[PDB]
Amino acid sequence: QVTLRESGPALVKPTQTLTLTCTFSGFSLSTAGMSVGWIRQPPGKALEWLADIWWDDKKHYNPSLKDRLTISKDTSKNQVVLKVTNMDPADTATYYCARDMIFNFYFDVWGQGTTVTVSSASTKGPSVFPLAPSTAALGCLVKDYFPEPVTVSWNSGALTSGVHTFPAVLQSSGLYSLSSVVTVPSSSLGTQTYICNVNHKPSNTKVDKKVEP
Amino acid sequence: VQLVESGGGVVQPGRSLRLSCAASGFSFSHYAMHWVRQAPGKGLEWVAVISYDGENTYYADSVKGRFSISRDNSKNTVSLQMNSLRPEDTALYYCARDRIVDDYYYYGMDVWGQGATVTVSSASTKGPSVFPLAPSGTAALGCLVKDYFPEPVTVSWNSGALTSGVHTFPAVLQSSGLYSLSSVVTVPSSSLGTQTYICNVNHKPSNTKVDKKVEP
Amino acid sequence: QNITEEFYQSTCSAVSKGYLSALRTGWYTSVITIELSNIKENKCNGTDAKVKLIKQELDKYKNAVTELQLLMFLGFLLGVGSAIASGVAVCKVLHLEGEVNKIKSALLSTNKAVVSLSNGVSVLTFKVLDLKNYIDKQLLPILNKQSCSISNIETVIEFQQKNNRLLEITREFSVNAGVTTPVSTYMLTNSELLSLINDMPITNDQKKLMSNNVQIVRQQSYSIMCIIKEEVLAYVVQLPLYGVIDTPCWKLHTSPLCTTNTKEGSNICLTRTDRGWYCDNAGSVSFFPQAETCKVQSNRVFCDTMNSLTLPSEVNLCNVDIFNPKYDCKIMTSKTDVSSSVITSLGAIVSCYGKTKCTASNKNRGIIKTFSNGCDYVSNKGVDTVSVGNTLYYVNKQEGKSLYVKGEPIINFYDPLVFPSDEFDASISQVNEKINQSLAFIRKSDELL
Amino acid sequence: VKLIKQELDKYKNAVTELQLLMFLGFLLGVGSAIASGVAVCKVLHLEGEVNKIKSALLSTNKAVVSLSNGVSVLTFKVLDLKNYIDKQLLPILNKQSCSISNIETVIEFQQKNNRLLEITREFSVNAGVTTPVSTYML
Amino acid sequence: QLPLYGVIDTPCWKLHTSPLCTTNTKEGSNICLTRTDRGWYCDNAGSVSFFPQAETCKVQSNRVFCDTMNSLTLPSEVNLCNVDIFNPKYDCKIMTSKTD
Amino acid sequence: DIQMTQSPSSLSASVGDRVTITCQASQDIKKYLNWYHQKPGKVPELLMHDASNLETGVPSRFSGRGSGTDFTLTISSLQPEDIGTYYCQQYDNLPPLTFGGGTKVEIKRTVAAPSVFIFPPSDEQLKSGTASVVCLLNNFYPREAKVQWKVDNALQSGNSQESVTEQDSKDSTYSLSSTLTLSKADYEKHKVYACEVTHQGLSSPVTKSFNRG
Amino acid sequence: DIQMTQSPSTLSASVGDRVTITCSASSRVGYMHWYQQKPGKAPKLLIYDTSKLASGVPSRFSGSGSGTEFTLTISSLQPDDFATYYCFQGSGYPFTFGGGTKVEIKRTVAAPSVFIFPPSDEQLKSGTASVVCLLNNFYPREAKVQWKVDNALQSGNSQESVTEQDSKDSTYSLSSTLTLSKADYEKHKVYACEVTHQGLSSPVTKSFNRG
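Going by the header, the method for this PDB entry is X-ray crystallography, and the resolution given is 5.500 Å.

If you check the PDB entry, chain D appears there as Fusion glycoprotein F0,Fibritin from Human respiratory syncytial virus A.

Looking at the PDB entry, chain C carries the name Fusion glycoprotein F0,Fibritin, with the source organism given as Human respiratory syncytial virus A. The UniProt entry for chain C carries the following text under Sequence similarities: "Belongs to the paramyxoviruses fusion glycoprotein family."

Spelled out as structure tokens, the structure:
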């Protein structure tokens, strides 16, 4: 079966050049009719075609991000490489690599992907501010951290129902933030004590906070 | 190469019931499809046919105007709609594939589903009670399956592991209007006391499922 | 479940409207080159089986080179053209001074390049086989002079393998006076061909069309032997350019329609003569009279615009209402009451006349319908075979719905004896006037008397 | 080995091309010459119909098989490249060391493979329909 | 796809035709005449299958190979056209011209 | 509507016997006839079409003959797995396709005397106020047998039901059950229960009995 | 460059209801191609050559169309069909994708539970004040959050994150974070959150007085 796989740094600083290595098997890029293409998907946005290349070394590029694209191949290592200059955080997205054929101008086989992050921000510690109560809802807020991912458990995973961890939202400081919340019986306040523990592996920080009125 | 029916069960006379047939393993949209029915202990009766493209349909005279056959080639599905059912409609209903492709003539059937049981009746549903037929160099043992309605019941031995020497007699109608049968097995007598024999009786219409061990 | 068909009883004809067009509108000319090795002279004495075989094969190589050196109804309205006029034109240019050298120069480093020739036309060029490097560098220096001992026999196999492609090419041109069609694999391999397709300035869809149907492209292509000047063999492959794609197409089937009065002769016949393929392409309709020129791959219909007339879109009205005042529908008339059948795309039209046995049969049940003297139609679904007299027609087994359009056969409106019956490419209005003329002459000639 | 490799590419290229393919007189009327032949072809495009025929032809090279249309058809396995390639060729090409002993193996493979190549060639230049039927074909 | 030959060993005959014109001394002013039913004829079901284009028929001495799909099936009275062209039983097909 | 008549309704023959069943149509159906075999408890199997053309995998011992209105199915070497019911069906022109009434074919193993067993009612059933005594006749031929119940040596009538199986697909016998049903009160008012069997395989009637307790 | 539009951009349907997706393009094209994508997983090819079924794809799916108008149809909307669907074309460069069609399940309704959280005291010490507004267990996804401070509208100083549809009750939850400097926070008295949703007969307002 054809299988493709993406590789490339997960993080890259703005203006730097982004290099990507797509490797594959199941088919030779040298065989007549064969092609490999690059396609990207910004967060919560539609898919965008980027570039492709054929066995006869024909190259094509999308005018929108032109002239920032460079594509090349090496049938020897069964891999294709694409370069993007002058990165912008607009480009933060998940990219896929996929095969193409002249017999059929569509992408039949797809890499599981690699994603890339663009920011000057890098390592950091986050600040848990807990949302106090006053059916009852309470939650913890994780402010000012980078990068993703970060996660939340309650009581160390004893409390799971009622809980809703929110997809983190980017701020303009370039940092990430998120709030999660558990609803609970109103009568269990003051006797039942809620604890939310955040695990920030990228900066090796496990903060336990006690949530109380 | 597989056909699975569904939708069988009890329906009060005058009321309606819909059967469905799911197909797999062959080029479904290229075969005419038939329905055939068989009342317990009786012969085969052709019921209806639909052409491979669904343009033409034909029905048995005994169900004309009351039954309607249809198909969905996009879902590999055949259905049989049965309206204003009579007690004489009680039977096992088979889904079956025509043997010939893309034809407006109809021929025999070479692939048959296992069938769905449909019972049309004013009698109430009742589950069976299972009694042991105790043994006292070959011994016979068994199970008495008494007082049930409607047909059919299934009986197996050792969850299907025991099939040799098994005789499951046809149901008898009692003056009470309920059915009853017995199932008996002959096993080597040296096996009694050591090998476990338990009769598995299933009566689908009453949701009754009883496993009963038979001892000397 | 794409393609459909309609039969018109009124005009004894049928139209299939599920087709898509594939028109060749133009030509693209590419130059294929083979760098050849000149030889003079293998001089190995002593006949050793290993020596004789290489020599014999080299003799085969030289003779090929030498041979090449040595080479230097309706339808009548379509007019004539020169299929290879485009290709011959390219060949002519190649006969110029060091033009060979210009192209021989660009292809030294890569096997693919566009060279602008002095005509000014830019042409894709291909060096697919370099026997020269192998022959001049591996073979030739060992052979000269007197002692030649060739060891490792796998070498003579390699040379025969390499040389073989050249031999089939020299063979084909030899039996085709230097123009071959269709273009064989030996002349241009599939990889070479697919590579050729990608640099042609057509739509990504047009490339797509050609690549799934390479076998069709070959039949509409020409290979033209040009020159062997310098040390290079050069021939031009002429490929079709399909400027018209995905426009609705339809095929018209017709058959003789006659009255079925009981007498022996005294009958009048009628037949629509505008049969063939029709396609929408530039607001008009391209009509292909000879439907041999059109190849079918289910959804796609491949035609050559050279054998066509460009007709007004009003031509479709002849299928629905033949008496429309907007277009004079082309027909023919006859007293020839002869039974025949016409197999359509999704069925068969049966023109049954006289005492002739006309029947339709299924493979399983046998005869299922006996026709009653006239023009009828039967679907492909419930019928597998048709027999008209002693001749048996097989019916097409595709999928698709057909529609029987009932209507009184048109031939019944005319009184015999006043009917013009010897008309080959006439028309409705052209018939009416002769009847009118004959209606005037019959009607005026008694008024006076 | 390179020669075998080249021939095996030829074997494959042949395979690839096939995969890719998927006075008076005017009174006589028209018919479809291959309507009969085309009809069979169509039937063969169904599920494990191929498998049905592949089953009957494993032991003998000749058997009559009834297809789901109902038509019984004479079947012939005239060339078993599979067996030659799997039993003669494949164990030799994959000897860890790409040795090859003697040349008769490449001659033998070119000889057997040759017939398929002419057939793939004719179909290639005939859009999958040839007439007359050549010796290579039968 | 192989041919199945249902009609074998029935008598066959081939009709050759040629232009017939008056040979009056004048320059043009001549009238010509030609039988148009040239081709192969064969007995097959009490009738005669007629193959107009005899290009379509292959010959091996005794055996005449034709394809019935490119044929018309005619009544046995066609033989009268060879013996008496003015017979009341069959209207023999011809063509006329001034082309001498 | 075309009528299909099959004969006989049932027949008896020995293993290895040649067995012929007949089908008659109410009108000319040429050879548009199918044959089916239905083993007990199983779905029908198509044996042949066009009156005589066997399906692939169908044993060679089956052959069909006939045309018009009269047809025969012949088994040249009757095998144990051939039991059940055989059905003819027409598909001449228009539907309804119609089946024959079916022909049950039974296999004869030479006259065979029944093995007799008796089962007292269970203790669990006695709690219900009902006592069922079961008499089993196992693996006998021919079908004909007289089974008589005796309670305290007195012949019983009107208080028993019999059930007989279709013939077995392996050893060519029938089995028979005879059930004596009494109220708990009548059953315990007697001591000994016996079923007496008379059959062609037994020189004299065989009696099996038990005493309560 | 050609540009693709796609409708409905959002659609929801009950199991078994027919589903129709229409694609519109600025220029005529040969074929329309279709892709299925689950969240975060690489996209899969569904339909090719406008109507041809790809391998692994259910006959439940089908394609149709020509020129600039093409449609995708799911004969009977099954749970495993939950995804975003994109129209694609390789007919002319640059290649484009659909605006994108998101499918779920029609219909379901839920009114939001609304809560409000003043900034924590630990945070008020760091020099920042975050007020959080919470809408719990609602549907449809459409909901308007309006923040008021001493009755004035706030713009550009709020962020809104919403929750994944739940595998149990199929509702969404949303969070709205108003971010101010500590200074600005203590400069005002009342903080209010006004919610507008289809399940609400009249705008609900949760609020608090600072301290």
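Regarding the overall build of chain C
Summing up its helical and strand segments, chain C has ten helices and 25 strands in all. For 449 residues, the compact-globule formula gives about 22 Å, and the C-alpha radius of gyration of chain C, at 31 Å, lies well above that figure. Structurally, chain C occupies a C-alpha span of about 105 × 55 × 45 Å along its principal axes. Buried residues in chain C amount to 53% of all 449 residues. Just so you have it, chain C exposes about 20400 Å², and 54% of that area is on carbon and sulfur atoms. Of the side chains in chain C, 45 bear a positive and 42 a negative charge, and the two mean positions are spaced by 5 Å.

Quick look at the side chain of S121(B)
Residues and elements named next belong to chain B. Mapping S121 onto the fold places it in the loop between β11 (116-120) and β12 (129-133). Only 3.0 Å separates the side chain of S121 from the backbone nitrogen of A123, close enough to count as a polar contact. Among all residues touching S121, those that are not within four sequence positions of it are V11, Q12, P13 and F149.

Looking at unusual backbone geometry
Look at the link from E148(A) to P149(A): it is a cis peptide, with omega at 5°. One can find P149(A) in the loop between β12 (136-145) and β13 (151-154). A cis geometry characterises the amide bond from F149(B) onward to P150(B), with omega recorded as -5°.

Structural notes on the sheet that holds strand β3 (residues 19-25) of chain G
All names here are of chain G. Within the open sheet, the four strands sit side by side as β1-β3-β8-β7. Their pairing is antiparallel. The open sheet has two edge strands with one neighbour each: β1 (4-7) and β7 (61-66). Taking each pair of neighbouring strands and ignoring which way they run, the sheet shows an average axis angle of 20°. Looking at chain direction, β3 and strand β8 (residues 69-74) are connected through six bridges and run antiparallel. Bridge pairing in β8 links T22 to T71.

Digging into the state of the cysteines
All names here are of chain C. Inspection of the entire model under this criterion finds 20 disulfides over all chains. Covalent S-S linkage joins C249 and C279, the inter-sulfur distance amounting to 2.0 Å. With the S-S bond torsion at -60°, the cross-link from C249 to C279 turns out left-handed. Within this pair, whereas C249 is found in strand β9 (residues 244-254), its partner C279 is found in strand β12 (residues 276-280), the two being separated by 30 residues in sequence. Owing to a relative accessible area of 1%, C279 belongs among the buried residues under this scheme.

Thresholds, definitions, all that
- Residues numbered from 1 in each chain as written, not as in the entry; some residues may be left out.
- Chains lettered and ligands numbered in written order.
- Part of a larger assembly, values for the part shown.
- Heavy atoms only, no water.
- UniProt positions renumbered as here; feature names shortened; annotations may be inferred.
- Helix = DSSP H or I, 4+ residues; strand = E, 2+ residues; numbered from the N terminus.
- Rg over C-alpha atoms; globule rule 2.2 N^0.38 Å.
- Buried < 20%, exposed > 50% of the residue type's maximum accessible area, 1.4 Å probe, protein only.
- Areas by Shrake-Rupley, 256 points an atom, 1.4 Å probe, with all protein chains shown as cover.
- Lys, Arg positive; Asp, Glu negative; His and termini not counted.
- Charge placed at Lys NZ, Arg CZ, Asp CG, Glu CD.
- Polar contact = N/O pair within 3.5 Å; in protein donor to acceptor, adjacent residues only side chain to side chain.
- Contact = heavy atoms within 4.5 Å.
- Pairing = 2+ DSSP bridges.
- Axes fitted to C-alpha atoms, helices over the stretch in contact; angles between N-to-C directions.
- Disulfide = S-S within 2.5 Å.

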